[PDB]
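Undergrad: curious how this folds, go ahead:
(11 chains)
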Amino acid sequence: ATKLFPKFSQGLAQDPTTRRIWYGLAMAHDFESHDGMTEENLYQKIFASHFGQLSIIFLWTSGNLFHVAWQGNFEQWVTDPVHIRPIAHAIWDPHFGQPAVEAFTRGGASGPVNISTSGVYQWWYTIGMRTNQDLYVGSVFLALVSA
Amino acid sequence: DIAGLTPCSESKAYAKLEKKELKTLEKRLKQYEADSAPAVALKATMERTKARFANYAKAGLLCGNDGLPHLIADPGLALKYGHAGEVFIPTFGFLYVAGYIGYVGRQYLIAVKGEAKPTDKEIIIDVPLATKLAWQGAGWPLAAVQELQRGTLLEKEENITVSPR
Amino acid sequence: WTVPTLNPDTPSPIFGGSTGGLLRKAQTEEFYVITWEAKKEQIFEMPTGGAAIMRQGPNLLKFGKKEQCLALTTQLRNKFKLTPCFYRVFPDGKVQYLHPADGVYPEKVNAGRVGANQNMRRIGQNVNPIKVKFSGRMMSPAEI
Amino acid sequence: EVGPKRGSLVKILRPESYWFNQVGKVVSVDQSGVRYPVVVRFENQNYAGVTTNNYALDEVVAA
Amino acid sequence: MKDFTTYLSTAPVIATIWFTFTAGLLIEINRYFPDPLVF
Amino acid sequence: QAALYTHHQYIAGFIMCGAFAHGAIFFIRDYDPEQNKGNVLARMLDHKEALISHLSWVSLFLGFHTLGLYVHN
Amino acid sequence: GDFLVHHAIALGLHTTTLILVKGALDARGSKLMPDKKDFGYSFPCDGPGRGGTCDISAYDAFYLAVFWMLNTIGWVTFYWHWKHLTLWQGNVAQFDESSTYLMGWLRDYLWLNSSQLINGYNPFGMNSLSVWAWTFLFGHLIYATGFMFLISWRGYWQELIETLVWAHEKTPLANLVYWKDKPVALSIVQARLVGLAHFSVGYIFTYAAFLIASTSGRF
Amino acid sequence: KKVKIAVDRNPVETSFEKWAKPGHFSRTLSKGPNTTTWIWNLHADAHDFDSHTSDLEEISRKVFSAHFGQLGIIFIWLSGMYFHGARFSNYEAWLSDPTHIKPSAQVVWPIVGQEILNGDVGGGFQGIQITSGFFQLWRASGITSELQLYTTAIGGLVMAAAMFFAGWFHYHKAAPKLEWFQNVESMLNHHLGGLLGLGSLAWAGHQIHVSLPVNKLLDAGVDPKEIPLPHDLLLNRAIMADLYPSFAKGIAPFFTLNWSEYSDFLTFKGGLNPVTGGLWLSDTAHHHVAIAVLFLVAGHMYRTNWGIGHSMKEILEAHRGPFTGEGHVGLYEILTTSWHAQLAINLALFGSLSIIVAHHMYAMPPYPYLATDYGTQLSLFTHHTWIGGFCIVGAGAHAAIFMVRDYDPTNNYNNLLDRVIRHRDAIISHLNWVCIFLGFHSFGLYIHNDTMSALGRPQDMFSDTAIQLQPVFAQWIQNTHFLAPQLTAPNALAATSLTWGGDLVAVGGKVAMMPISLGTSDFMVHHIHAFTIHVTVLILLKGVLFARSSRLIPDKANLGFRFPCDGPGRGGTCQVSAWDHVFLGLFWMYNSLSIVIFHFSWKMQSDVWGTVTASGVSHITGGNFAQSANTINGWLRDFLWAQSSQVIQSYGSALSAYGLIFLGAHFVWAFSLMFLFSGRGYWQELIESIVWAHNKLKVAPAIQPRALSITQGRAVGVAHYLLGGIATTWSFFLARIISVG
Amino acid sequence: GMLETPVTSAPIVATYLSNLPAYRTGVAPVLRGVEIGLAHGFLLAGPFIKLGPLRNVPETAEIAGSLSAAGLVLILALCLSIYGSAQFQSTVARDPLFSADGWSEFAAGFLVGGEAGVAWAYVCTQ
Amino acid sequence: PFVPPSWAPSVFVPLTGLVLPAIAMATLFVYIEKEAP
Amino acid sequence: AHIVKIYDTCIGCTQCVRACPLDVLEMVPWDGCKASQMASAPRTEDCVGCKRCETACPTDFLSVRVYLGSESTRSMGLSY
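TA: Numbers count the residues shown, from 1 in each chain, chains lettered A, B, ... in the order given. Structure as follows:
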């Protein structure tokens, strides 16, 4: 019979095939195509979506700051930004054998870490970040802003 | 000179490239006899190489740091520093032949359009009419300009099919 | 004219059986039953694969969807000049006559039929989608 | 007697038609009160391979 | 002979003869004027 | 440098395709010819064949010449 | 070489603009489909009638334009990576002399800079560059998988699915576990989207892995 | 009931009237062009003989004349190869040094700088190194001069003219009736006895009288100019008696059942010739004699006009068991009235035999100095394999055509074909499951190996050092073949081939043939081949069984064999026709055969081909197939990245053309993606915009430009994909094997 | 109608299928689940014990294999529970196993029998 | 401080990779197949 | 279900009804054409959307149109 998903389309909900799941997943953001959609409700849904996207962006930025302050080598990279490679985050993979552990162990770390290529080290160092405490405070502030 | 390039007649890399090509050809030629077909063919290729390099340096081409010639596409620079033969004169030559072919095809289409079965004249080419139009297309720019001035070159808006918008 | 009544004790064409037969839908949702009158025994092609032999007189068959029944109907009408008819049977035993709807085939005009889903205009006279926007659900400009 | 003369050439004004702004030869004009009595035959076929169609009185202009 | 000339006047035969003539002219031009890069 | 430039260029390409896609969505869902009668927006659809034809000519010329010069070299 | 690659960039931009502009202007209708505005932005086709109407919607125009966008960005990123690699290596003459012919681009840039990437893991061991080699092959696999949804179409898959449905329904000890949704083949629009997604993901991952591995190993 | 020569006199008049009327064969194209689509149709229905008319006699006559025209084309091709070998080759010089001079038979004109392709192939010649193996074949037949090849070229041209005249005569002067074509018993008797048996006997006679003494003298160190002419050997018994004492007895030991006296030119030497590297011609002559006797015996099996013999209908009807119902009833009528069914059977067996030919030719080289020419070996194996695969796909296509057009349910009530159609769902479901199982157990091993190698765990891989999967069955069969000449083959001296085991044979410092050892990598690649073959079979068999109807479309037979779809309904019915199944089978055949040729090239260059040094044999790649072929990264790095260095740096040498094609082939293939990933609706609207541009300047053609059809777009895409990929691999293989081989 | 074959109509295989715990039609679903779980755990402990990453190190290969087998059994139990939850929501003799409560009891019995089967297979090698 | 313990990856990685996806997958699968009243 | 509509340009040629493979269209009396017949779609619940009727329509533009709507068991043509 008619399923609960999707809730925005009774026609798609009455579909008894696997096409219902795929179409419900691909038409969730098509607010104009839902059931019983007006202009005011449409704009309100977009407003909420905008806020959710902003929260996701800020939380992602806070996560990057937190991982650089925790597993990164920002305190040592600022002293020698020419001969020291930046570290993105640590690696915890039970599938890695001994050669993988010593192969990824680089950048002056104590375990397997990923060398970052995003360039956040240079940007944060240029704007004023010097210690890991600054990155931690920034991550906490951005997480609260996202919340 | 232009854009920091030097003429090919005074470029060291150009001469080194010519010596490299002649060296590899001569090296390949040393493995054969003197009165054999491959030796004569290699000597002919070497003579062609010498003539090509001499002609390129004689033409006044501008070479780069790699020893290869460069073309000047700016009309002002080409007509001011003697480089109109690279990209200017061949441009007008292609324009003449392109408009020549286009006008011949257009004349053939308009001529066979008023006949009973134009599709037959399109799949089976009318060689006499096509040959006559091919020989008459030498005055294509004059005929095209005269057609444009008379207003008969283009079709009106009301006689062309369009989408329902 | 009268609506025909399905006779379950109707002989079926001699077929050895195949794997393109009915499925669980015939017992859970619905299925179709095609019946026809044959003047003589003749080997015909099954829409689900294989060659069967239609018997002389009444002949009944079961199919999974309506397209199979109409395909067999078209084959019998165009190759042997017969008059077949089919129904939709539900698991509770309900039989619903489907084709021909009025006893007359739909290719020819018959009195009593009422035209439905007909627009008294042309395609170029349809309205723009902006006029049918913000409706109860996704509505096409031709639905009105 | 109403409509274009049989055998004449008319232009199609229907925007959704394949032969919009194209010339076609008149075949026959129906004498009843049908919506599209003019029959126009064209030398060039459409995408469906059809060369004849039925148009209304105001859908065709003499040209 | 009229049918033979009509067959020779078809699009593929005319295209073959024309492209052969054009290719031959270009090849002979490059043969008698080796390596032309400028005018 | 390499990763940042490539990342931003690919993101920009996807965003541009999205801009044109939403423009098409605007024409199908929100365009009103009666309200936009004679303005620049209606005139875009008025001579769309000319625009597509000239874009086709530019693309054809660029493709033929760039490919020809590359194969010649 | 810069002049020629710039012309290639202009070609990619103009063709992508042509596809997108044509799809946006022909979205409301054309001679083939005078009522395309009444079918919405995305729909499969208008059927095989009128000679065929495959990829007639504006969504399909965007779909074909994504490939040109990826190709254009691929050319601009290839040019950027090669010019900067030759600059950082101290030999800009290599780029200046090999950027005029495609063989130089294929050998001196794509073949010369992938020697360290594909050597991340081999029978002699592995190093920190093995993750990029795995990502390289990962992107190649995703791209090739997208080619399946891009070439093969629905009908064959639906018939195959019907055979699998019969097989599951006629198998003992397994027909007791029945599906809640009837298994059907992916729709035409869904197929185009899935193939495009795999194509783009494989493309992006393959180039990102090659770029990072070559630049990190070289410097 | 009587087998005779039925014929009709002057059915069609020889005239050029129809040459000026394109599309006269079909009623739909006879009207003329109106759109560009018509032009494409003119070429798509040209050879579709069962679509022009429904008369079987007309179709059969057209088929006969088409066969004659095809043989005329083949004779022109053979005459061209012989003429090129006689006037633009270095065969005479290659005969004096077949181990140092590279074969070449094509010269280029000194225009636009292409003279660089005229590389120094050796023997005072400049040309293009050929890989067709014609030099070795001419050496095997005893050809020692350009005059013989020139005469063969003239004879080939004469034969081509005779084939064309035969086609014209059988179509316009004496066309056989339908009853003459349906004499399958007489046809099989003649093709078995006459064609195959007499051809093998004639070739055996030529090998015994020309190939054997000339090649024996060539292997004895005699100069090619001092060797007696073939007619000299065929005219006197003294020279033949000196080279072979059995010839001094004449044909007397043959009629006295004393064939053992001929034990000098009819033996079971086995192995390979240590001087030339190829098979012993005495063994090939004995082989042809036995083959001729066997085929001549088989040619007297079916009854023609006398009581003795068989009736194939009787044998087919006599074969019927309890699990098959009626049996083969009606199969004789099916094969005697449908050309597509016969084409399917013939194409399948022909393609299979072509692949078998490729395998038997690399394993047992029959021509002298053939194994030492690695380029010829690799090119010949790859070429024959591709021809076999294409013919197999065509077989499936014609099987589907027969199922759609010539199938009639009134004559297939309870036979094998009807039961197959009845349980086609079970067939397809089980084949689909085995394809999935093979795909998992074949590709997952490589993915698992790549993961374990990348994760730094080589001990968890599937290799010889780690978990090993040894092909014990193949190794045991190899051992049995190696030990066969001592227990099961007492009259055989050596084994059939050296790949089973034993001592290797090397000629001119290059390994002609050495034993082949199979390990874990061989096991994995063999399972990959089996999986790809199964998937191709699945696509073709699904398109054949479900050609008439299916659970999605019950009236597919009404839509024909080649149609694009049935609309977007039922969720979408794109590519439901049997033609689309052939279209997908082409891609899968390309993938399968590409992996096959890659495996062949890597295995041969890694464990078989290579130079011979002092106390040791060094291969081309160093034997890295048993260690690097178990991972995809190994195939991409060691076999694709490392071996492609020759084709990318070939610029400036005689192989530069290959590099150019290597780039060009990458273009065409990618060009295919334009026709495979798009649809004709977009192209039709774009064409409309271009048509508007033409109409503005009054340059619009009368023939309305229409986009390619859906089926045409798919055909164009698959054609370009196949051409691009095949040409890419061709350039890579040829450039690599010519540079390092 | 349908197609009959000796493979799907032999009396010996039909009696074998009827003797299986799934086709009892009259016993409690908990017993069926326990039997199925035991039979599955006994065979599931094999592949992890003889082919897992720690198969070469002694005294722990059986431990890791049994733990992985128990984890797979737990995953299968969660799958069975959610399958019975999403399959039965409303509505010979009707088998009580094909019901929400019946499938829940069957899933719990499957988990219990699976853990018992893994434990029994581990002690069988000690 | 905000620094996590040394054992934090050994517990959060298996959680985010096996606990959270299994619970989320089961919850979503149950939600999709919910029949309307 | 799919939406099948008939426009006033229908000439009553009855080709669309014969091409329909699931008996969706029919002919009803009318007064707008010479044939005095018009196509009708009273059983759209069984239409799958094959668009065979659109292919068989000879009017320019078409008189019968099919719009893909909500998919169901009958609309998807499933035998299971």
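Undergrad: which one's the longest helix in chain B?
TA: helix B:89-113 (DSSP state H).
Undergrad: these two touch, right, residue G:191 and residue G:153?
TA: Yes: Residue G:191 is within contact range of residue G:153, at 7.0 Å (criterion: Cβ atoms under 8 Å). In short, each C-beta sits where N, CA and C put it, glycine included.
Undergrad: which residue sits closest to residue H:383, ignoring its sequence neighbours?
TA: Nearest residue to residue H:383, sequence neighbours excluded (Cβ to Cβ, 6 or more residues apart in numbering or on different chains): residue H:358, at 7.9 Å.
Undergrad: number of residues surrounding that neighbour?
TA: Residue H:358: 22 surrounding residues under other Cβ atoms under 10 Å in any protein chain shown.
Undergrad: for it, phi and psi?
TA: Dihedral pair for residue H:358: phi -60, psi -50, per degrees, to the nearest 10.
Undergrad: that one contacts residue H:380, doesn't it?
TA: Yes: assessed by Cβ under 8 Å, residue H:358 is found in contact with residue H:380 at 7.0 Å.
Undergrad: next one: phi and psi at the closest residue to chain F within chain D?
TA: Nearest residue of chain D to chain F: residue D:15, at 11.7 Å (Cβ to the nearest Cβ). With angles defined as degrees, to the nearest 10, residue D:15 shows backbone torsions of phi -60, psi -40.
Undergrad: chain F contacts on chain A?
TA: For chain A, the contact set with chain F under Cβ under 8 Å from any Cβ of the partner chain comprises A:32, A:117-119.
Undergrad: so what's residue I:17 up against?
TA: By Cβ atoms under 8 Å, 6 or more residues apart in numbering or on different chains, residue I:17 lies in contact with G:172-173, I:23.
Undergrad: can you list the residues you listed in JSON lines and add neighbour count, secondary structure and distance to residue H:226?
TA: Compiled in JSON lines, the contacts of residue I:17 are given as follows (neighbours: other Cβ atoms under 10 Å in any protein chain shown; DSSP: H, G, I helix; E, B strand; the rest coil; distance: Cβ to Cβ, whole Å):
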{"residue": "G:172", "neighbour count": "14", "secondary structure": "coil", "distance to residue H:226": "81"}
{"residue": "G:173", "neighbour count": "10", "secondary structure": "coil", "distance to residue H:226": "81"}
{"residue": "I:23", "neighbour count": "15", "secondary structure": "helix", "distance to residue H:226": "88"}
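Undergrad: which strand or helix spans residue H:512?
TA: strand H:510-513 (DSSP states H and E).
Undergrad: tally up the residues packed near residue 46, please.
TA: No chain specified, so I'll use chain A. Using other Cβ under 10 Å, residue A:46 has 12 neighbouring residues.
Undergrad: was after chain I, sorry
TA: Neighbour tally, residue I:46, other Cβ under 10 Å: 12.
Undergrad: what about it, distance to residue A:27?
TA: According to Cβ to Cβ, to the nearest Å, residue I:46 stands 46 Å off from residue A:27.
Undergrad: and for residue C:108?
TA: From residue C:108 to residue A:27 the distance is 43 Å (Cβ to Cβ).
Undergrad: those two: who's more crowded?
TA: residue A:27 (17 against 11).
Undergrad: out of everything not next to it in sequence, what's closest to that one?
TA: Nearest one to residue A:27, counting by Cβ to Cβ, 6+ apart, is residue A:33 at 6.1 Å.
Undergrad: the one you found reaches residue A:12, doesn't it?
TA: No: counting by Cβ under 8 Å, residue A:33 does not reach residue A:12; the two are 9.9 Å apart.
Undergrad: more crowded one of these two?
TA: Between residue A:33 and residue A:12, residue A:12 has the larger neighbour count (other Cβ under 10 Å), namely 22 against 17.
Undergrad: show me what the host helix or strand of that one is packed against.
TA: In the assignment (DSSP H and E), residue A:12 maps to helix A:10-13. Where contact means 3 or more Cβ pairs under 8 Å, 6 or more residues apart in numbering or on different chains; DSSP states H and E, helix A:10-13 is packed against helix A:19-26.
Undergrad: hmm, back to that, what's the spacing between the residue of chain D closest to chain F and residue B:164?
TA: As judged by Cβ to Cβ, residue D:15 and residue B:164 stand 4 Å apart.
Undergrad: who touches both of these two?
TA: C:124, G:34.
Undergrad: which one's more surrounded, those two?
TA: Just comparing residue D:15 and residue B:164: by other Cβ under 10 Å the higher neighbour count belongs to residue B:164, 20 against 17.
Undergrad: quick check, the more buried one in contact with residue D:16.
TA: Yes: Residue B:164 sits in contact with residue D:16 when judged by Cβ under 8 Å, with a separation of 5.0 Å.
Undergrad: show me the helices in the stretch 51-200 of chain H, by range?
TA: H:56-87, H:91-96, H:134-141, H:146-172, H:178-181, H:184-190, H:199-206 (DSSP state H, counting those that start in this stretch).
Undergrad: how about those helices, which one is nearest chain I?
TA: That would be helix H:184-190 among the helices of the stretch 51-200 of chain H, by Cβ to the nearest Cβ, at 33.7 Å.
Undergrad: which residues are contacting the closest one?
TA: Against helix H:184-190 from outside (Cβ under 8 Å, 6+ apart): H:3, H:299-304, H:309-312, H:335-336.
Undergrad: with stretch H:649-656 instead?
TA: Outside stretch H:649-656, the residues that touch it by Cβ under 8 Å, 6+ apart are B:24, G:103, G:107, H:116-120, H:128-129, H:646-647, H:658-659, H:735, H:738-739.
Undergrad: circling back: is the longest helix of chain B anywhere near chain D?
TA: No: if you take Cβ under 8 Å from any Cβ as the test, helix B:89-113 misses chain D, and the best it gets is 11.1 Å.
Undergrad: could I get the buried residue list for that helix?
TA: Using 16 or more other Cβ atoms under 10 Å in any protein chain shown as the burial criterion, the residues of helix B:89-113 that qualify are B:99-100, B:103-109, B:111-112.
Undergrad: what does chain B put close to chain D?
TA: B:158-162, B:164-165.
Undergrad: could those go into JSON lines alongside distance to residue J:21 and secondary structure?
TA: Converted to JSON lines, these look like this (distance: Cβ to Cβ, whole Å; DSSP: H, G, I helix; E, B strand; the rest coil):
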{"residue": "B:158", "distance to residue J:21": "65", "secondary structure": "helix"}
{"residue": "B:159", "distance to residue J:21": "66", "secondary structure": "helix"}
{"residue": "B:160", "distance to residue J:21": "60", "secondary structure": "coil"}
{"residue": "B:161", "distance to residue J:21": "58", "secondary structure": "coil"}
{"residue": "B:162", "distance to residue J:21": "55", "secondary structure": "coil"}
{"residue": "B:164", "distance to residue J:21": "51", "secondary structure": "coil"}
{"residue": "B:165", "distance to residue J:21": "51", "secondary structure": "coil"}
